[PDB]
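Notes follow once the structure below has been shown.
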Amino acid sequence: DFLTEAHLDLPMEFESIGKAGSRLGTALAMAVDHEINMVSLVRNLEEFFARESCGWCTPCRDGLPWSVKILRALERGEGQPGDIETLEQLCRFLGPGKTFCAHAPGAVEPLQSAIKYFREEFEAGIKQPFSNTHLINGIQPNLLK
Amino acid sequence: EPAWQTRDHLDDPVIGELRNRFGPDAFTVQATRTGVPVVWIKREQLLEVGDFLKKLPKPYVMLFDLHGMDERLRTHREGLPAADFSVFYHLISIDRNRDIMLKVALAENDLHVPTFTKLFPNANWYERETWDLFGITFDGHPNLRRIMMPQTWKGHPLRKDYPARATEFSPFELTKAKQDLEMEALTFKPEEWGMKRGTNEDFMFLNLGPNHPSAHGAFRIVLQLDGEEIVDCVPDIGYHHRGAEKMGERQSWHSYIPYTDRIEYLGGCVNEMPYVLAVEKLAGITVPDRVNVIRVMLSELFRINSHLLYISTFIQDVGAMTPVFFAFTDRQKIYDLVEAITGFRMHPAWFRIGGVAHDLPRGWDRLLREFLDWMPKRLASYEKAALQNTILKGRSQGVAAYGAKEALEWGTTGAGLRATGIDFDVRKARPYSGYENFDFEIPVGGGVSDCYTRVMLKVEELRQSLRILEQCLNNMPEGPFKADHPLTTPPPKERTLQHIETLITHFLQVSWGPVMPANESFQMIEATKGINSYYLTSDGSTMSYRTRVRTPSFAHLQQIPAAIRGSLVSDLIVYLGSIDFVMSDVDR
Amino acid sequence: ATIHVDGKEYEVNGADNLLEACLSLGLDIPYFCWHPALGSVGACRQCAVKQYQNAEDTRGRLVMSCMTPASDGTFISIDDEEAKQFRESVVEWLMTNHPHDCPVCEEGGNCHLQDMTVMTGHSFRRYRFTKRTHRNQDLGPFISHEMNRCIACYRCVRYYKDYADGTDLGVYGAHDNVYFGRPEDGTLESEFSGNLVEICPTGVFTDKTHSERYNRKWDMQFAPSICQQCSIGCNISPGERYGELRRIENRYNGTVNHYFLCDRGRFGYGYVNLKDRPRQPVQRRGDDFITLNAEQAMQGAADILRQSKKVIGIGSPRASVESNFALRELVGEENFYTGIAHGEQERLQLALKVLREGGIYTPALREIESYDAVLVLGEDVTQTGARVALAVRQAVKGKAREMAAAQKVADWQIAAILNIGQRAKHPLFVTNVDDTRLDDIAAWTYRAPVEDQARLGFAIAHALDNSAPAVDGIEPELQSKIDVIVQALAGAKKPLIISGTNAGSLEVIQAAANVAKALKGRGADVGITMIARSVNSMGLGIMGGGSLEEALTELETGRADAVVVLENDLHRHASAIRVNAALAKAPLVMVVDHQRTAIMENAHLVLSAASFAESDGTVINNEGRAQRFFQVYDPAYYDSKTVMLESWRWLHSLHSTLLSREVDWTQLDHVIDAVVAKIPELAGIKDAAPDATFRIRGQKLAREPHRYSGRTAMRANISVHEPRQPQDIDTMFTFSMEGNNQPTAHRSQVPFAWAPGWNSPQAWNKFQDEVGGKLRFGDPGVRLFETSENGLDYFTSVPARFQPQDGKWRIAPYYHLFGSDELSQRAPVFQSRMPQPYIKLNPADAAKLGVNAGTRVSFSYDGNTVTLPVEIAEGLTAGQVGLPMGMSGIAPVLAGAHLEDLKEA
Ligand code: SF4
Ligand code: SF4
Ligand code: SF4
Ligand code: SF4
Ligand code: FES
Ligand SMILES: [Ca+2]
């Protein structure tokens with residue numbers, strides 16, 4: 001998980017980083033400067049994680065590419081309402097115990113942390129209204145409220 | 001908590017009263033989606049329970065329904081008493097605005113129940129139909145003969161082992177039944193019909209047949225006449241029996257809707273409404289407001305259509321042959337709107353589980369406004385030309401009169417009940433489909449229900465339906481015409497045509513059928529001719545395990561001998577014109 | 001064990017996982033990657049439930065029910081909101097790439113993915129991006145491939161490789177681009193590849209033979225039947241639409257075949273739909289072929305039979321017990337002849353004597369998977385009794401199962417079991433004239449002539465028990481192999497000895513009986529299996545009668561002037577010249593059959609009999625189990641001119657018209673009662689199925705689903721008046737939807753599996769007592785005989801070793817799953833799958849004759865110089881020619897025979 005400048009004064013231990021909402025991991029930290037867009041960074045991370053899926057189990061294999069496509073749409077301002085809620089649901093449903101191995105919980109850790117800490121950058125990519133359908137001539141659509 | 005949730009109704013005071021009177025172990029409370037307390041009673045205590053319910057401080061005064069169920073193939077009977085068969089008794093307390101269903105379990109070998117006819121006289125025909133279709137005997141019945149099938153019929157068609165489909169036609173049996181018809185009058189004996197003291201040697205027995213078809217259908221009345229006076233008569237019905245409930249066990253939940261349309265063939269979407277509401281209770285579907293308003297508008301249009309036919313045919317039966325032409329022109333204006341919306345005239349089959357088949361087409365409001373401008377002048381003209389004529393009044397006023405007690409004891413509903421002064425309309429007492437959001441009045445009579453008061457009450461009902469239609473036209477909500485539920489059958493068509501999960505849902509819903517989880521649901525509506533109800537039992541499959549249709553015309557035709565006794569035959573034909581029945585409603 | 005599901009207490013088996021326990025309790029949990037026969041792997045993540053630590057726990061966690069043991073005091077919730085949301089999300093993730101294909105997909109209405117999409121409540125699509133797409137492969141003539149519809153549940157590869165031991169199907173690629181198929185285009189090589197169309201929960205693998213004349217599952221007319229293509233007796237559900245046999249589905253029998261058929265049974269049904277089948281009785285009047293109805297055919301045949309001085313009847317192992325009995329009653333017991341040759345009858349009766357007098361239990365097909373060592377003597381099981389070979393592969397995997405059970409691994413955790421076992425397996429030793437398809441898993445394979453295989457069996461029996469007769473002249477290397485087999489069989493807790501009549505050697509069956517007796521004498525729990533030839537070979541053996549040679553002798557000497565041939569082409573059991581001469585000599589030949597055979601040209605009368613799809617009857621399989629097959633459809637429903645009756649109906653009516661000059665079409669239960677009254681050894685066929693008066697709460701059993709369509713239009717082009725429903729006086733089934741097919745109905749004959757919400761083959765879960773076990777009220781079919789108290793004696797007739805004589809070529813039988821069975825080789829889809837005709841030669845023999853591979857050489861048998869191309873067989877012993885048994889022109893009686901003047905054409 002991503003951490004902010006306020007978490008820099010934390011000892012690099014498993015217990016201390018664990019209660020900050022992240023993991024100690026390999027303890028080889030990566031710094032992100034202000035010139036890096038968080039949506040593009042998480043898109044790069046999720047592209048890596050989705051293409052490195054072993055393909056055994058459904059949530060990682062078929063839900064990481066969905067997050068990749070959502071982040072790609074958010075990158076060029078083609079996001080639609082419900083995309084961030086979809087990303088949050090993907091983070092919740094790809095956590096530990098839901099997938100076969102721990103590849104996908106690690107995949108969704110930076111996505112959920114970046115949404116938690118930098119939600120204004122993910123909201124900035126939502127420009128178009130939601131459209132999943134096209135009109136079919138002769139059939140009046142069911143306009144849900 | 002939604003209105004379709006499974007409830008045991010243990011908070012009903014009738015459950016506490018029954019527990020205090022008979023004890024806690026005397027009965028079993030079943031949790032249903034019927035909306036009523038369902039109580040399983042031992043067979044030996046049925047008459048005691050019925051008498052206790054009839055003598056309550058705010059008593060249960062009407063036997064609404066009485067029929068049977070073949071429970072042998074029912075797999076989900078958890079919490080239910082052991083039963084090969086069962087008989088249910090739906091009773092209504094108008095003063096409480098409550099109702100209770102009593103269920104008696106029966107073994108396969110011991111298929112007999114004590115008769116309910118001493119407590120409620122409409123139990124006569126209800127028990128005759130239960131004997132005819134299920135083979136359940138009722139001890140103490142005055143004459144327990146078949147009422148739907150002919151007397152020389154083998155088997156009981158509503159049993160689960162009876163084959164539903166038509167058997168092979170045979171000209172020999174047609175010839176034999178023609179011979180029975182030819183020598184029916186020659187070998188007529190009053191004793192097998194429940195008649196008595198005939199041929200005194202002053203009474204005559206005279207049979208009425210299919211000679212006056214005023215759109216009600218074909219049925220027979222045998223009259224015992226002292227000269228010109230009716231001293232006794234029994235109706236012979238079942239000539240319009242279509243096996244509609246058996247077809248309910250034969251079709252999917254979705255594919256049974258056209259059959260609901262043809263139960264009361266002047267009603268249309270009115271007939272569709274209780275069935276789709278009961279299915280939606282089984283599915284756990286709450287329809288949006290636009291669906292409620294659309295269904296109310298279609299129901300009121302068809303109520304005006306049916307009332308127009310009823311009033312014009314009554315005027316024709318009295319003798320004035322002119323207003324039927326104009327009233328059918330008004331029916332054509334209604335049909336213009338109904339054809340535009342649903343694509344059909346008389347049996348639209350347009351309501352759906354979870355909504356309606358399509359959205360409203362563009363320009364519906366123009367046709368509704370045209371009809372609402374056309375109707376009132378025509379109705380006033382019919383009133384002045386025919387209903388205020390003193391010859392019609394002299395033919396109809398005081399003819400076949402009954403009061404509140406006679407209406408309650410025979411299960412009379414609709415305008416015949418409200419002409420006795422009892423204010424009981426389902427759209428106000430037990431509101432459904434968003435009827436509580438509409439401003440309309442319930443016309444009631446002065447206390448006495450003649451032919452004339454029934455006809456004028458239906459005229460005021462037509463005016464109130466016009467008011468409801470005006471409100472539907474002025475405030476039609478924007479939104480979906482189908483619910484956002486997975487059991488909405490079929491799904492919205494555009495998503496079906498481009499989304500795979502929606503296409504999958506559509507594929508399985510139209511082919512195998514929607515799976516309704518195992519429950520029992522009930523819906524009662526104010527139909528055009530009275531109170532119509534659907535009682536649906538689902539055994540967890542894509543077809544109904546049991547579809548029981550309570551129709552008001554059955555009760556009205558059973559009330560006929562009590563109301564017409566001591567009158568003339570002209571009074572009888574005027575009474576039949578004023579009942580507002582069709583034989584499809586009676587025989588199902 | 002005690003579990004609490006949604007606050008309700010249940011008693012379950014603690015050795016099961018939670019998914020199979022909850023499905024056995026009637027609870028609905030969506031699942032894809034788990035199968036009852038394949039174990040749990042936890043791939044699809046569909047079967048999530050919420051497990052709590054105890055009763056006073058409200059948080060819980062999502063677990064896989066298929067990967068979680070159903071241990072005592074386990075608290076789970078299926079209807080938990082988070083579990084339902086996650087299951088819907090798994091369906092939604094599968095739906096993101098799924099093609100918009102259901103109207104043009106053969107799985108529609110039978111699709112587990114459709115059922116689980118509806119079951120999870122997912123009907124709204126919010127995914128808006130592109131769907132991944134795959135190219136398809138050509139998988140041969142039986143299986144159609146459509147990889148777009150794949151949900152990557154891994155069921156196909158797990159079945160094909162881990163269960164069926166196939167090698168040419170696999171998974172390729174990675175992430176969301178995983179592909180399931182062959183490494184290149186080609187026919188799927190496994191004999192059990194057809195089970196993929198039921199194993200795959202989507203429409204990736206589909207029945208191509210059904211796809212040609214496709215119809216949906218709700219439009220089918222189903223009947224419970226028995227596969228007629230070999231002796232194993234796998235239970236099938238044939239489905240018919242518009243008067244033609246459309247599909248063969250697996251009918252679950254927890255005792256015999258459970259979930260799986262072989263490809264011959266699944267795809268070899270096409271002979272029923274052949275347009276040259278007889279549909280009316282035809283009388284040959286000179287050069288004219290006039291068409292009769294049933295009554296005048298009976299009258300004319302009865303008159304001619306009454307004028308005859310001696311009428312003989314020739315039965316067949318193709319025909320049912322009732323048909324053979326009716327022929328035997330028509331002609332008399334002393335005039336009844338089995339249609340098989342003398343050597344085949346001797347081998348079949350020896351196999352029968354070993355089965356019902358040897359004192360050694362014969363296992364059912366499911367029970368074979370529980371044995372710890374297998375010796376197959378002579379019988380090429382994969383080509384003759386294929387499902388036995390599949391069961392033997394499971395019994396071979398038993399060693400990994402036992403090793404994993406020693407390490408406290410649950411029996412459903414199949415990946416851990418396979419990892420622990422590695423390449424360890426239970427001992428398997430196969431003997432044949434050449435290599436078999438079981439050689440990949442066999443501990444040893446013996447390629448030798450049938451006499452040498454019998455001598456190896458006799459030597460094994462003698463080394464197991466010194467009272468068994470010894471074999472002189474065994475080489476030390478063969479002696480070491482024999483000792484290896486002996487210590488493998490002696491150390492086994494449950495040894496199984498498999499043999500049969502297809503090797504063409506009496507001594508092979510005798511040696512197998514000797515080995516089984518020696519193992520029984522040491523106190524082992526030994527089982528013996530005999531593979532017969534045809535569907536009712538064992539029934540014809542139990543009934544008995546003279547051989548076809550005796551019938552031909554009676555026809556040739558003129559002692560018999562009338563012959564009635566029942567369902568027998570007569571060329572597979574005797575030389576065609578002798579059969580044709582004997583039939584031309586007879587002044588009356590009557591042929592009762594459902595296939596246009598070559599002996600119908602000289603037949604004076606041809607009775608259009610019914611095949612198994614249009615008939616009812618009883619067949620006795622290789623283990624002696626009597627099984628009833630029921631009629632699928634009425635052949636006269638569409639074509640009203642079709643007079644096609646059951647063979648027993650034809651013969652009973654002929655007997656009645658011969659005796660009393662009156663017709664009697666009788667009833668099936670009457671014929672069964674006559675069988676059990678006259679033949680006490682067949683008395684168990686009465687209880688194979690209940691009679692026609694059996695009802696479920698007063699109603700019959702439905703043959704077709706409740707949503708069967710087109711009732712008022714399927715015959716409307718012939719006549720707008722709907723015909724009468726076809727009446728079934730023979731059985732308890734009705735030719736309509738107006739009947740019972742409830743999974744809780746107290747019966748054992750299930751025409752098809754359907755439950756609300758389960759339209760796929762997964763509805764068999766609802767029809768079982770526990771998932772993967774038996775049918776709820778018992779599997780159908782009863783065993784005719786119990787294990788006898790006393791066994792046989794040792795067979796002392798040890799044959800001499802094979803010696804190659806100069807100028808004489810011993811015929812080594814080669815069997816093919818696609819081609820050796822007669823009716824299935826008549827199926828048009830089998831012609832592409834059929835191997836080209838050939839003759840196998842040793843390299844030394846081919847070099848001595850100066851021929852290479854592919855050169856056409858000619859040989860004469862019974863005065864028929866026929867020419868076949870040569871292929872080189874490495875494993876065939878010299879002095880032998882390998883011939884494909886059962887093919888066109890090569891009768892199965894040629895096995896064990898000898899060949900003269902075999903030279904290059
Ligand atoms: S979470 Fe692990 S097991 Fe599942 S597909 Fe991804 S990498 Fe494979
Ligand atoms: S595999 Fe199933 S869900 Fe997919 S297209 Fe075929 S029927 Fe539809
Ligand atoms: S091809 Fe079928 S069985 Fe194989 S992984 Fe795909 S969906 Fe599963
Ligand atoms: S093993 Fe034999 S009985 Fe079974 S499916 Fe194959 S051919 Fe039919
Ligand atoms: S069935 Fe359990 S994860 Fe697939
Ligand atoms: Ca039959």
Side-chain angles (χ1 to χ4, degrees), chain A residues 49-65 93-108, chain B residues 499-508 511, chain C residues 17-20 22-23 29-36 38-49 62-68 86-87 90-91 93-95 97-118 122 131 144 146-155 158 174-176 178 197 200-206 216-217 412-413 415 759-760 762:
Chain A
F49 278 123
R51 85 183 188 202
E52 283 311 301
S53 181
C54 89
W56 173 249
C57 81
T58 302
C60 157
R61 170 193 78 244
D62 285 336
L64 289 180
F93 280 160
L94 265 69
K98 275 98 175 175
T99 67
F100 190 80
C101 91
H103 166 87
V108 301
Chain B
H499 296 342
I500 173 60
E501 43 267 87
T502 315
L503 167 72
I504 283 163
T505 307
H506 170 94
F507 194 105
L508 283 190
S511 59
Chain C
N17 61 77
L18 275 171
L19 177 59
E20 88 203 290
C22 285
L23 289 170
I29 305 180
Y31 65 94
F32 292 112
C33 73
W34 172 86
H35 195 273
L38 306 181
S40 304
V41 282
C44 68
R45 313 307 280 187
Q46 185 60 76
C47 70
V49 292
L62 286 190
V63 300
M64 297 297 102
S65 57
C66 74
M67 301 305 281
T68 312
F86 183 75
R87 292 197 298 264
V90 169
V91 152
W93 289 323
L94 293 182
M95 279 306 123
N97 296 303
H98 201 67
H100 197 90
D101 263 16
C102 299
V104 284
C105 180
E106 289 94 349
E107 212 76 15
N110 202 14
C111 174
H112 186 55
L113 176 62
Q114 279 189 333
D115 300 354
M116 299 306 96
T117 307
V118 168
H122 180 71
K131 313 199 251 190
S144 184
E146 192 86 45
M147 257 294 311
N148 270 356
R149 302 156 187 168
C150 178
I151 60 180
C153 81
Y154 296 83
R155 261 176 164 214
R158 287 206 309 121
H175 42 93
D176 57 350
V178 278
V197 315
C200 179
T202 68
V204 177
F205 299 105
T206 43
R216 305 269 184 207
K217 182 183 174 172
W412 40 263
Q413 239 199 294
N759 315 298
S760 63
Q762 312 305 309

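In what follows, chains carry the letters A, B, and so on, assigned in the order in which the sequence lines appear, proteins first and then strands, with residues in each chain numbered from 1. Counting convention: from 1, in listed order, for ligands and their atoms alike.
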Answer yes or no: is there a donor N or O on one side and an acceptor on the other, between the side chain of [X] and the main chain of [Y], under 3.5 Å?
X	Y	answer
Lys217(C)	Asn759(C)	yes
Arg61(A)	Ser53(A)	no
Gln46(C)	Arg87(C)	yes

Distance from [atom] to nearest protein heavy atom, with residue and atom:
atom	result
atom 2 (Fe) of ligand 2	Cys111(C) SG, 2.3 Å
atom 3 (S) of ligand 5	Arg45(C) N, 3.2 Å
atom 1 (S) of ligand 2	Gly203(C) N, 3.0 Å
atom 8 (Fe) of ligand 2	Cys102(C) SG, 2.3 Å
atom 6 (Fe) of ligand 2	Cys105(C) SG, 2.3 Å

Exercise. What do we get for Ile504(B) next to ligand 2 when only non-hydrogen atoms under 4.0 Å count, side chain, backbone, both or neither?
Worked result: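 Side chain only.
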Within this structure, what is the [atom1]-[atom2] distance for the pair [X] and [Y], rounded to the nearest 0.5 Å?
X	Y	atom1	atom2	result
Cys200(C)	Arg149(C)	SG	CZ	10.0 Å
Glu501(B)	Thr117(C)	CD	OG1	8.0 Å
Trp412(C)	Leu19(C)	CH2	CG	10.5 Å
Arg45(C)	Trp56(A)	CZ	CH2	10.5 Å
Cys153(C)	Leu113(C)	SG	CG	9.5 Å
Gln114(C)	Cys105(C)	CD	SG	7.5 Å

So if I count the atoms of ligand 2 from 1 in the order they appear, which ones are less than 4.0 Å from some heavy atom of [X]?
X	answer
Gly108(C)	7 (S)
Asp101(C)	5 (S)
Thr202(C)	1 (S)

Problem set entry | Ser760(C) versus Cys111(C), closest heavy-atom pair with distance |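 The pair with the smallest heavy-atom distance is CB-C, 3.9 Å.
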For this session: Can you label the angle between the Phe86(C) ring and the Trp93(C) ring as parallel, tilted or perpendicular, going by 30° and 60°?
Result: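 The arrangement is perpendicular - the two ring planes meet at more than 60°.
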May I ask you to list the atoms of ligand 5 that are less than 4.0 angstrom from any heavy atom of [X]?
X	answer
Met64(C)	3 (S)
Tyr31(C)	1 (S)
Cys47(C)	1 (S), 2 (Fe), 3 (S)
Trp34(C)	1 (S)
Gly42(C)	3 (S)
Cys66(C)	1 (S), 2 (Fe), 3 (S)

For this session: Apply side chain to side chain contact (heavy atoms under 4.5 Å, CB included) to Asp115(C) and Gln762(C), showing your working.
Result: CA-CA 10 Å; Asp115(C) 300 354; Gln762(C) 312 305 309; over 6 Å; no
Exercise. How far apart are the C-alpha atoms of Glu107(C) and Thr202(C), what are their side-chain angles, what is the distance that settles it, and do they pass the side chain to side chain contact (heavy atoms under 4.5 Å, CB included) test?
Worked result: CA-CA 6 Å; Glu107(C) 212 76 15; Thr202(C) 68; 5.7 Å; no
Exercise. What do the steps show when you test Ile504(B) against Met95(C) for side chain to side chain contact (heavy atoms under 4.5 Å, CB included), and what is the final call?
Worked result: CA-CA 10 Å; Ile504(B) 283 163; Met95(C) 279 306 123; 3.7 Å; yes
Problem set entry | Of the listed options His98(C), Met95(C), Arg149(C), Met116(C), closest to atom 4 (Fe) of ligand 2 (non-hydrogen atoms) |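 The option holding the nearest heavy atom is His98(C).
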For this session: Could you name all protein N, O or S atoms found under 2.8 Å from atom 2 (Fe) of ligand 1?
Result: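 Short answer, with waters excluded from the count: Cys101(A) SG.
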